[PDB]
Every structure is written in C-alpha cells, then in structure tokens.
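To start, the structure itself, in structure tokens.
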Amino acid sequence: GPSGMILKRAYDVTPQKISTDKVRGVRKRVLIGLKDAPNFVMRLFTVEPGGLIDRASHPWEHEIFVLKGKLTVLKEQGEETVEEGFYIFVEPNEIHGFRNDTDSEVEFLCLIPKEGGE
Amino acid sequence: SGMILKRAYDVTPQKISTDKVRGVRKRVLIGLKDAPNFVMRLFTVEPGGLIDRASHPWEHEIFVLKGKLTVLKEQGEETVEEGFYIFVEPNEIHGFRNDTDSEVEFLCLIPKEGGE
Ligand SMILES: [Cu+2]
Ligand SMILES: [Cu+2]
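Sequence lines, in order, name chains A and B. So the first sequence is numbered by our numbering: it starts at 168 and just counts up by one. So the second sequence is numbered by our numbering: it starts at 754 and just counts up by one.
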C-alpha cells in the first residue's frame, strides 16, 4: 500500500452525530478510517451527558481506551464504571454497552477490525 | 472473561534498554493472549528516552496521551502533543524521542503479526 505517516490533532476531525435505535447522545471522530487502514480502524467517541450506547453484540471485538471522564460500562450482567486511563477489551459476540451518567462529556478511543466498518 | 476492564497503570511496565531503545517502558494492555487481530500497548518515554529509527512490515496506530513526543521520520523529525494521533504506514521509517523534562506516554496498536 501507500507509504508515509499521518500526524494530526484528533480534535481537528469534526465530531459526527451518531443516532441509531440503540445509540443516542454520541458523536464520533474517525481518526484512522477505512480509506487508509490496512487492518483496523481508530475512532474517538464523545458521549454527551446522559448519552447511551445500549447493549448489543457483534461478530468483532472492541479495544477501548478511556481518555476523559467516567464511563459506565454495561455488561451482560450488571454494569461497572471506569475512568480516564482504563482500557477495555470486548471479545467478539460479548454483550456490551456504555452510558454517561455524569454531567460532562466522556471520551474514549475505540478500535475495531476494519471488517466491522468505521 | 468476554470483557476485561482495567486501569492501564496497573499493568506492569517492562523496561526496554537495548542498542535501539533506551529510557522506555512498555505496557502490554491487550496482548496476544486475548487479541484476535491487533494488540494494544502503552509506551512511556522517560526524559531523553529514544525509540530509534526502524521499519517493519506492519503499521502503527498511535494516540499521544501525555506530553510532547518527537517523531523521527526517514529524514528529519516532527514534534506532536497530547491529543495527536499518528498513523505509520507499513514499512515507513519511524522512531520516537522525548526531549522534554517529563514523561511522555502514547498508546500504540499494531496487528498481531507484529507481536506485542
Ligand atoms: Cu460494540
Ligand atoms: Cu515501530
């Protein structure tokens, strides 16, 4: 493929609104997307206060790193909150979701294999 | 289980000190034991630390978490700060240095073919 390196301020990517049956109060920046990625993509999610990524599962994993705030993680059984500096691994097909129960924006990096989209 | 939630700091850093890498610690957050496709590491570069120029047949996806990171390119260099992401194409010459007086941290993901 192509050569070179991209170095860019993540906030120079505009946050795009995500609105689906199971997602509300969320915006996403695609940092390293399908157009460039050999294998996996990098997104930066912003969860607004009260925003919800409701429980779901899908045939690919997540690798997540929490950048800002207190994130509530929804599990098959119950929930647990983590904060900036936590990582999360979600195996393929594992039930998961996220909620922001705080009054300030939560941000996390979320990487998936590119077969799962961007 | 099917979900791991952990404070990255709690993962034991590994000291690296070789002919090409000095003053660097590496945490493997999501490693080969868990990862179906790609691995997640967190590097700490001490003041004056160096990851010297190299290339390899896999990409890097990096996010700068803390500090001012000097990025070595095939020729020359570029400094970036916390809040920058870096995509290094496969085979591109790259490395890293910390010219500041405090620790620099960055997240670094590679496909599993690259090891952890
Ligand atoms: Cu998901
Ligand atoms: Cu490298």
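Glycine is no exception: its CB is placed at the ideal position from the N, C-alpha and C atoms.
At a cut-off of 7 Å, would you count residue i as near ligand 1, judging by its Cβ distance to the nearest heavy atom?
{"i": "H847 of chain B", "result": "no"}
{"i": "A223 of chain A", "result": "yes"}
From residue i to residue j, what does the alpha carbon distance come to, in whole angstroms?
{"i": "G776 of chain B", "j": "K768 of chain B", "result": "8 Å"}
{"i": "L276 of chain A", "j": "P182 of chain A", "result": "13 Å"}
{"i": "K237 of chain A", "j": "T269 of chain A", "result": "7 Å"}
{"i": "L278 of chain A", "j": "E230 of chain A", "result": "5 Å"}
{"i": "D763 of chain B", "j": "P810 of chain B", "result": "31 Å"}
{"i": "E272 of chain A", "j": "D772 of chain B", "result": "43 Å"}
{"i": "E247 of chain A", "j": "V257 of chain A", "result": "14 Å"}
{"i": "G755 of chain B", "j": "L785 of chain B", "result": "15 Å"}
{"i": "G168 of chain A", "j": "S808 of chain B", "result": "15 Å"}
{"i": "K819 of chain B", "j": "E858 of chain B", "result": "5 Å"}
{"i": "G802 of chain B", "j": "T239 of chain A", "result": "36 Å"}
{"i": "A204 of chain A", "j": "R806 of chain B", "result": "22 Å"}
{"i": "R778 of chain B", "j": "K195 of chain A", "result": "31 Å"}
{"i": "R266 of chain A", "j": "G245 of chain A", "result": "12 Å"}
{"i": "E228 of chain A", "j": "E285 of chain A", "result": "13 Å"}
When you compare the CB positions of residue i and residue j, do they come within less than 8 Å of one another, or not?
{"i": "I846 of chain B", "j": "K865 of chain B", "result": "no"}
{"i": "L174 of chain A", "j": "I839 of chain B", "result": "yes"}
{"i": "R794 of chain B", "j": "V781 of chain B", "result": "yes"}
{"i": "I220 of chain A", "j": "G264 of chain A", "result": "yes"}
{"i": "residue 149 of chain A", "j": "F791 of chain B", "result": "The structure shown does not extend to residue 149 of chain A, since chain A is modelled only from 168 through 285, so no value can be given for it."}
{"i": "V233 of chain A", "j": "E250 of chain A", "result": "yes"}
{"i": "residue 708 of chain B", "j": "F212 of chain A", "result": "Nothing can be reported for residue 708 of chain B, as the shown portion of chain B is limited to 754 through 869."}
Just to check, is the beta-carbon of residue i closer than 7 Å to a non-hydrogen atom of ligand 2?
{"i": "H813 of chain B", "result": "yes"}
Per DSSP, what kind of secondary structure is residue i in: helix, strand or coil?
{"i": "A788 of chain B", "result": "coil"}
{"i": "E230 of chain A", "result": "strand"}
{"i": "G867 of chain B", "result": "helix"}
{"i": "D179 of chain A", "result": "helix"}
- Identify every run of the beta strand (DSSP E) within the segment 811-862 of chain B, keeping only runs that are complete inside it and at least 3 residues long; order them along the chain. 813-819, 821-826, 830-834, 837-841 and 847-850
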